[PDB]
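Enquirer:
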Amino acid sequence: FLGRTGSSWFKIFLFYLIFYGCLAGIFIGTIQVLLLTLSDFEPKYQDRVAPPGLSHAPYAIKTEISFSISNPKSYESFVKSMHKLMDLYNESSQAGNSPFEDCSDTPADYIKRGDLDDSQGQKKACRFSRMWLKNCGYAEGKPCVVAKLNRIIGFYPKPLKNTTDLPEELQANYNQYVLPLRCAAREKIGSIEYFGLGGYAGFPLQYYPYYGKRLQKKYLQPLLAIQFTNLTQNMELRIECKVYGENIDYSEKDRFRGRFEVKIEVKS
Amino acid sequence: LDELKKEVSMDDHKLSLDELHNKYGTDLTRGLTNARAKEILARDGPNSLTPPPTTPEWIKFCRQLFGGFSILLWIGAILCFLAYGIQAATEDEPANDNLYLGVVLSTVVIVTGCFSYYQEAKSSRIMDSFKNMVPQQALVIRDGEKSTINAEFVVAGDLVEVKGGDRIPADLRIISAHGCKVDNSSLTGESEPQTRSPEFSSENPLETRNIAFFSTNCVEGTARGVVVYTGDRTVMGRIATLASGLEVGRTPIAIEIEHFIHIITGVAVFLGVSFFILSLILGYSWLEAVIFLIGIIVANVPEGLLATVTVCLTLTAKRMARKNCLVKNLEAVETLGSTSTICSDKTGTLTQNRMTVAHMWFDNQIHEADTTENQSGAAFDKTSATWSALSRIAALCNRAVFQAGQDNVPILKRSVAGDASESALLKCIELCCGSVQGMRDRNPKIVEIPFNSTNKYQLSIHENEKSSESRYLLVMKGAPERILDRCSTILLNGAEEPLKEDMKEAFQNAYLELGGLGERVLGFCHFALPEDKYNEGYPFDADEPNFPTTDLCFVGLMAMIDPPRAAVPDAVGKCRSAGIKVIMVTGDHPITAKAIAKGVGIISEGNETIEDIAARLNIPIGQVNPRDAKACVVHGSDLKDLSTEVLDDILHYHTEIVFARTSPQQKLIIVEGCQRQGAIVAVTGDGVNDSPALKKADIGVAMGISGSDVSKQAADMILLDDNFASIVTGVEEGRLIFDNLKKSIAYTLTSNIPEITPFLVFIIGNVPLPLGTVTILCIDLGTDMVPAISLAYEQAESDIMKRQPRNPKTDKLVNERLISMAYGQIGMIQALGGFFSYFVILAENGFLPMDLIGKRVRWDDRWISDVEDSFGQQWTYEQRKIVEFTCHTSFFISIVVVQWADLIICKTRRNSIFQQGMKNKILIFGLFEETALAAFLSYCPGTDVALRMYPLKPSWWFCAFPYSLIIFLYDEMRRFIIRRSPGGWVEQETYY
Amino acid sequence: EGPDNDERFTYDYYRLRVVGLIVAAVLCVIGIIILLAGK
Ligand SMILES: *[C@@H]1O[C@H](CO)[C@@H](O[C@@H]2O[C@H](CO)[C@@H](O)[C@H](O)[C@H]2NC(C)=O)[C@H](O)[C@H]1NC(C)=O
Ligand SMILES: CC(C)CCC[C@@H](C)[C@H]1CC[C@H]2[C@@H]3CC=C4C[C@@H](O)CC[C@]4(C)[C@H]3CC[C@]12C
Ligand SMILES: *[C@@H]1O[C@H](CO)[C@@H](O)[C@H](O)[C@H]1NC(C)=O
Ligand SMILES: [K+]
Ligand SMILES: [K+]
Ligand SMILES: [Mg+2]
Ligand SMILES: [Tl+]
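Chain order of the listed sequences is A, B and C.
As numbered in the UniProt record's numbering, residues 25 to 160, 169 to 217, 223 to 305 make up the first sequence, in order.
Mapping the second sequence onto the UniProt record's numbering, position 526 (from 1) lands on 562, and the numbers just tick up by one.
Mapping the third sequence onto the UniProt record's numbering, position 20 (from 1) lands on 43, and the numbers just tick up by one.
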């Protein structure tokens, strides 16, 4: 033929069949032992998610949400993702004492449901009403963005203490139980309005620590609705929403490390 | 074009002096007119040689920039700029990826260009050396007056004059001469002075006395002649053009390189476009379809391989430089290993090029002297009183002297003023009797008759050094038979005795044997003149026989020859044991050529020519079956009337071939004949008459000390110490580097698979990219470099000089067996070890292997800063990318770790590491430096930006260890099978 | 610890780099030693 005879062509096939078969069987074996060394409830390493990311619902083309108020299908793209998220926070999804629980309607302290063990059933998560998100189809004019803190197993988000000076200096400082979120731009051509649990501009600490998908399915993380009823129009406004805390940090590279990058433009 | 120049020349030495003048419109006495000479100048053109048109270095450099790998790397470099252009227009990408990768790849092509350019070097100044043989000026007779003119202004027809010490300015017809002798070594390779006279003495113009040639010099006397040829039209000017004009051609090693380039280029374009369409079918945007292709290019092309080859060659050439063997062309480092036939000059190559005493006949006994340079033999006789009598004649009846200031150099190497035979005798006595000058001071010469054409003897009368005598001793030497007709007694073991027919017959026997050995034989005799008949003041007349020259006492015979170099016989046998055919090709006479052939082992004992059979059986040569003769001796005059097909039959039908009295073109023809049969041929030589053959040879080797400038220009290799044993070393080195290149190539190729497979699974699996493009270049250009080179220092696995020369048609540098092992077996194991570490990194950070399938879409999505892992955690864009790049880093390090084992297995093709050992210090160096480089690239701060290399956790380093070990075991088991059964299965499938 | 389990999300990449570079250097020196056993 090309290389060899039929007899040789066969033998080279019988070899590579057994050979690659063995190699596949060995590869699988090493994957088995790897998995055997891992927990079902907690990942081996967590230093790469460490400082929590802050992500929002409006799917930004490039950290930007520009549209026209005087146009219907101009914002119907951002309403798709906005709906996708909030559709999960339905009351019909949170039914019965299992696996949900009614928690303080005001920001409270942490809740420990034991260890990362299966020695108990599904760890009961705090309910969250999308109805706590006042004012927010969504904002056809002047968007109503929804913030979110990335989930990390066993992470206890710790707010800053009012020992020294603060950006939003001491205003509504629920020091003990709220992780604040203050959006900014100089360039003050807007109108910041925050909505959340208990009416505070933060995340209620009663939703922590997260026990993971395996130990807490259907779990709901707290949301923080933000509305920009800015009196300006037809210009790119670089708005940055920042979260503050002891366990919260940022990076010049990762522009989502505990903060937002939104470029709103109501070009109408 | 040069087929005309490969033919024997035609001449006009047969014409009379007068007749020759009519042909050139010339005067025998007055010479040409100033006006007629200038007319002929413009007519024929200058008496000069024009160098052939060369290829500029520009075109030579750029021709390498387009050879398979460079072509693919160019397509990659441009395709980078393509994707970059498409980006800069569509979505403003502030990145530098495609732009920088395009710059990097273009640089890789340029630098790789320098390496191949360095390897494909051609240092040739043939025509320049020939031009150096034309004198600046010549002496001509014009308008009846002699004047010096620019030799280029010399034309056919003018009257030229030459004298001892000057170069022949052009081909001349001798019309007048006085004691003129010439050095025709340019045409023959033999430096013994040849007389020139107006008389025609041979039909063959290269042998007649009435022609003098350009490229030669007058050694003594004076001559006048008419110019018959000028410039390019001279006999050796044509040889110049032939030699300088000959097409170089591709070396065996070069052909091998191009061959695997085709193979690897083939699989590259195959998988390249095979997966380019396979991606579009899967619905991949052309934006991405090209990005994957660039990666495929980089994965398939072994970027550092061609440069490795060059370095391995260079390092092999450095070792040979250290044995006095200079390599002018890097590729010639290997040709000697692939050589199946050596065509060797005799004089100054196989031989020392110096008349040396070989045997002596005295006391009715043949004695042998030591002919070797360094005198590696033993003594023959010292005791016999006869010896001292013969020794005295050899010293006394000798007019040769050592040049001043030689006392530093060895006797046999020092320059001597005199003819070759007298120098030989001088050096013979000086060696075994001490200072000859002393013997010539103790015995003052009073009268002598120098060797005469008519007398055929030379005699001398000396004052006997003996005090009790202080009388007159007569000594003489000459033609053995002439000396015999002048002897009455023979000095036997001390005492004289009558010359009976018995001893006279033993003389003839001794004389015939020595002459049969191709040796020049001389007779020696002396006579103690009677005291009473010769007073202390008796005057001797040299002009008229004033003393007896008959009834003298015969002392002995001495024989001499230009002997082989000490190392030559043994080197010839070694070449022949390695299955190399050795042919002699010489301008010298057949009797001498044949005798040295037997001396060095070109013709082995018992082997006969058709002429030998005929003489032994006493039958006509036509009655001899030529197939009964394995040896042959072909004279150039017969070679001339043979067609190439008939020359091919001679080459095919004889194992032991001697081509004697060959012209320079004839040497070229014999070389081409050998090549025509498909053989790789080496030429060894030292004369300008070797230049065409040396050029045409696959590899020409010139002698460094004895070699002429021309020969060393025509060669690929120079033996700087004239050590013929270096050929044996050269062939051995050549074979070793050929095997080691295979090892180094397999090693380099093996790591291509773990660079290809990640890109394929990236498409078919939709997982995050396991390894990057930049990461690949860190391997092929970084870590693999020193290890790949180090394989050039591998010792032989067996006695390579015991095997036959490779068949260049069947035995390739890269074959299917190499690809099967490198691509199909070892590289495949490396790929898995890479993937394993990849899955380990991701799974330990929260992305278990199961959830990875079909995630790249969301993984690469720059706007999704919340991808969910297996544990329910959310990752930003840059966070998951850090893990991904950490995956690139550990995959990279996995390659390094699996290349550890590969380096050790590529060490040997057959033998076990437990047999060959670990005595390669460069290889071990490679292991340490490779690992140092990898660690530095991972842990050095800032490398995460320039190369996207991230720090690895200690446990990460050990992921591929079990795969590295399986490689070592697998290959060790496999080679154990090879050795345990030379049959073929494992052998014919995987044995590189 | 409980709410004070910050060490769980921390890794000393600084020490690892220091050690990694020490090792790389020493492997580089060791290599020179073995190579220079004859040049
Ligand atoms: C989650 O809540 C949303 C609230 O808008 C539900 O949307 C309803 O969709 C139905 C049918 O398309 C409409 O008739 C209603 O007007 C919507 N709102 C309400 C309050 O009922 C959505 O269907 C819910 N999703 C799930 C899975 O239950
Ligand atoms: C990534 C995976 C799926 C690709 C696997 C490719 C396999 C099938 C390839 C890789 C190397 C290949 C072999 C390389 C060498 C030879 C020897 C030659 O004389 C005949 C073909 C043969 C035997 C090839 C057959 C196919 C082969 C085994
Ligand atoms: C939000 O909606 C409420 C009614 O639910 C209305 O009273 C109020 O004006 C709205 N706020 C703004 C800022 O438009
Ligand atoms: K050559
Ligand atoms: K490679
Ligand atoms: Mg010679
Ligand atoms: Tl490569």
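Note that CB positions come from ideal geometry on N, CA and C, so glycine has one too.
(1) Please name the residues in the stretch 81-106 of chain A whose beta-carbon is closer than 9 Å to at least one beta-carbon of chain B, in chain order.
(2) Within a Cβ cutoff of 8 Å, which residues of the same chain sit near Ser-673 of chain B, ignoring the five residues on either side of it in sequence?
(3) Who pairs with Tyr-508 of chain B in a beta bridge, going by DSSP?
(4) Do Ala-192 of chain B and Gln-172 of chain B count as a contact pair if the criterion is CB distance below 8 Å?
(5) Could you tell me whether any non-hydrogen atom of ligand 1 is closer than 7 Å to the CB of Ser-153 of chain A?
(6) Excluding the 5 residues preceding and the 5 following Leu-553 of chain B in the sequence, name in chain order all residues of the same chain whose CB lies nearer than 8 Å to its CB.
(7) Hey, is the stretch 715-727 of chain B in contact with the stretch 384-392 of chain B, meaning 3+ C-beta pairs nearer than 8 Å?
(8) Going by C-alpha to C-alpha distance, which of B:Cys-814, B:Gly-1019, B:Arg-916 and B:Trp-895 sits closest to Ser-974 of chain B?
(9) If you measure beta-carbon to beta-carbon, which residues of the stretch 26-43 of chain C are closer than 7 Å to chain B?
(10) Classify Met-837 of chain B as helix, strand or coil using the three-state DSSP reduction.
(11) Quick one: measure Cβ to Cβ for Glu-920 of chain B and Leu-805 of chain B, integer angstroms, because I've assumed they're closer than 8 Å.
(12) For the stretch 245-260 of chain A against the stretch 112-129 of chain A, are there 3 or more C-beta pairs whose distance is under 8 Å?
(13) Who are the Cβ neighbours of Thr-383 of chain B in its own chain at under 7 Å, not counting the five residues just before and after it?
(14) Quick one: residues in its chain with C-beta nearer than 7 Å to the C-beta of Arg-984 of chain B, no 5 flanking neighbours on either side, listed in chain order?
(15) Assign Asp-847 of chain B to buried or exposed, taking buried as 16 or more other Cβ atoms, counted over all protein chains shown, within 10 Å of its Cβ.
(16) List the residues of chain A whose Cβ lies closer than 7 Å to the Cβ of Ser-901 of chain B, in chain order.
(17) Mind listing the chain D neighbours of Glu-914 of chain B? Cutoff is C-beta to C-beta under 7 Å, in chain order.
(18) Could you give the distance in angstroms between the alpha-carbon of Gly-474 of chain B and the alpha-carbon of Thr-277 of chain B?
(19) Along the chain, where does the beta strand (DSSP E) that runs through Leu-195 of chain B open and close?
(20) Given a cut-off of 8 Å on the beta-carbon distance, is the pair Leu-109 of chain B and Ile-313 of chain B in contact?
(21) What does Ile-865 of chain B touch in chain A if you count any residue whose Cβ is under 8 Å from its own?
(22) In terms of alpha-carbon separation, which member of B:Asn-956, B:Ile-1002, B:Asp-133 and B:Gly-331 lies closest to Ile-799 of chain B?
(23) In chain order, what residues have a CB nearer than 7 Å to some heavy atom of ligand 5?
(24) Note down, in chain order, every chain C residue with its Cβ under 8 Å from the Cβ of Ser-873 of chain B.
(25) Under a criterion of Cβ closer than 5 Å to any non-hydrogen atom of ligand 6, which residues qualify, in chain order?
(26) If you measure from the beta carbon of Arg-72 of chain A to each beta carbon in chain B, is any gap under 8 Å?
(27) Taking the alpha helix (DSSP H) that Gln-155 of chain B falls in, what are its first and last residues?
(28) So, is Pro-76 of chain A buried or exposed, given that buried needs 16 or more other C-beta atoms within 10 angstroms?
(29) Determine the burial state of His-107 of chain A: buried for a count of at least 16 other Cβ atoms within 10 Å of its Cβ, exposed for fewer.
(30) Once the 5 residues before and after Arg-40 of chain C are set aside, which same chain residues still bring their CB inside 7 Å of it?
(31) Using a Cβ-Cβ distance cut-off of 8 Å, determine whether residue 1030 of chain B contacts chain A.
(32) Tell me the DSSP secondary structure of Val-255 of chain B in three-state form.
(33) Can a CB atom of chain C be found closer than 8 Å to the CB of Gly-186 of chain A?
(34) Whole angstroms are fine: how far does the CA of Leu-58 of chain A sit from the CA of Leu-135 of chain B?
(35) For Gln-701 of chain B, which option in B:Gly-81, B:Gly-281 and B:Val-196 has the closest C-alpha, if you only look at C-alpha atoms?
(36) Under 8 Å between the Cβ atoms of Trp-993 of chain B and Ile-929 of chain B?
Expert: In this structure, then:
(1) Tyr-83, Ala-84, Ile-85, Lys-86 and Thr-87
(2) Along the second sequence, one-based indexing puts residue 673 of chain B at 637. Same-chain partners within the cutoff: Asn-240 and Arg-697.
(3) Position 472 of the second sequence, counting from 1, holds the residue named residue 508 of chain B. The partner list for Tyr-508 of chain B (beta bridge, DSSP) reads B:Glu-499.
(4) Residue numbering aside, residue 172 of chain B sits at position 136 when the second sequence is read from its first letter. Residue numbering aside, residue 192 of chain B sits at position 156 when the second sequence is read from its first letter. Against a cut-off of 8 Å, the Cβ pair of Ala-192 of chain B and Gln-172 of chain B comes out as no contact.
(5) Sequence index remark: in the first sequence, residue 153 of chain A carries index 129 (1-based). No, since every heavy atom of ligand 1 falls outside the 7 Å radius drawn around the Cβ of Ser-153 of chain A.
(6) In the second sequence, residue 553 of chain B corresponds to position 517, counting from 1. Closer than 8 Å at Cβ, skipping near neighbours: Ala-394, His-395, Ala-595, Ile-597 and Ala-631.
(7) yes
(8) Locating residue 974 of chain B in the second sequence gives position 938, where the first residue counts as 1. The option with the nearest alpha carbon to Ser-974 of chain B is B:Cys-814.
(9) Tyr-36, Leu-39, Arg-40 and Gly-43
(10) Mapped onto the second sequence, residue 837 of chain B falls at position 801. It is helical.
(11) Numbered from its first residue, the second sequence carries residue 920 of chain B at position 884. Numbered from its first residue, the second sequence carries residue 805 of chain B at position 769. Contact flag correct, Cβ pair sits at about 7 Å.
(12) yes
(13) Taking the first residue of the second sequence as 1, we reach residue 383 of chain B at position 347. Correct list, in chain order: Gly-225, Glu-226, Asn-389, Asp-598, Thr-622 and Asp-624.
(14) Working through the second sequence from its first residue, we reach residue 984 of chain B at position 948. Cβ within range, chain order: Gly-808, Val-810, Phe-921 and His-924.
(15) By 1-based counting over the second sequence, the position of residue 847 of chain B is 811. Burial call: exposed.
(16) Within the second sequence, numbered from 1, the residue matching residue 901 of chain B stands at position 865. Those within 7 Å of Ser-901 of chain B in chain A are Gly-77, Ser-79 and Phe-293.
(17) The chain labelled as chain D is not found among the protein chains of the depicted structure, namely A, B and C.
(18) Locating residue 474 of chain B in the second sequence gives position 438, counting from the first residue. Locating residue 277 of chain B in the second sequence gives position 241, counting from the first residue. So the alpha carbons of these two residues sit roughly 52 Å apart.
(19) Counting from one through the second sequence, the residue named residue 195 of chain B turns up at place 159. Segment 195-199, the beta strand (DSSP E) holding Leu-195 of chain B.
(20) Along the second sequence, one-based indexing puts residue 109 of chain B at 73. Along the second sequence, one-based indexing puts residue 313 of chain B at 277. Going by C-beta atoms, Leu-109 of chain B is not nearer than 8 Å to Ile-313 of chain B.
(21) Counting from 1 along the second sequence, the entry for residue 865 of chain B is found at position 829. Going along chain A in sequence order, the residues near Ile-865 of chain B (Cβ under 8 Å) are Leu-47.
(22) Position 763 of the second sequence holds residue 799 of chain B. Selected option, being the one with the closest Cα: B:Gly-331.
(23) B:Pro-338, B:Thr-784, B:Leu-785, B:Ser-787, B:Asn-788, B:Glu-791, B:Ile-815, B:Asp-816 and B:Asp-820
(24) The residue you call residue 873 of chain B lines up with position 837 of the second sequence. None at all; the shortest Cβ gap to chain C is about 17 Å.
(25) B:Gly-225, B:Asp-381, B:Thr-383, B:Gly-384, B:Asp-722 and B:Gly-723
(26) In the first sequence, residue 72 of chain A corresponds to position 48, counting from 1. Cβ-Cβ to chain B under 8 Å: yes for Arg-72 of chain A.
(27) The residue labelled residue 155 of chain B in the question sits at position 119 within the second sequence. Per DSSP, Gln-155 of chain B belongs to the alpha helix (DSSP H) from 133-155.
(28) For the purposes of this step, residue 76 of chain A is taken as the residue at position 52 of the first sequence. With 16 or more Cβ atoms within 10 Å of its Cβ, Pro-76 of chain A is classed as buried.
(29) Here the question's residue 107 of chain A lines up with position 83 in the first sequence. Exposed, by the Cβ-count rule.
(30) Residue 40 of chain C sits at position 17 when you count from the first residue of the third sequence. Around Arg-40 of chain C: no qualifying Cβ.
(31) Residue 1030 of chain B falls outside the range modelled here, since chain B spans only 37 to 1028, and no answer is possible.
(32) Mapped onto the second sequence, residue 255 of chain B falls at position 219. Strand at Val-255 of chain B.
(33) As a working note, residue 186 of chain A is residue 154 in the first sequence. By this cut-off, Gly-186 of chain A is an interface position.
(34) Position 99 of the second sequence, counting from 1, holds the residue named residue 135 of chain B. Position 34 of the first sequence, counting from 1, holds the residue named residue 58 of chain A. Taking the straight line joining both Cα atoms gives about 39 Å.
(35) Taking the second sequence and counting its residues from 1, one reaches residue 701 of chain B at position 665. Nearest C-alpha to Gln-701 of chain B: B:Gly-281.
(36) Residue 993 of chain B sits at position 957 when you count from the first residue of the second sequence. Residue 929 of chain B sits at position 893 when you count from the first residue of the second sequence. Cβ atoms of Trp-993 of chain B and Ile-929 of chain B: closer than 8 Å.
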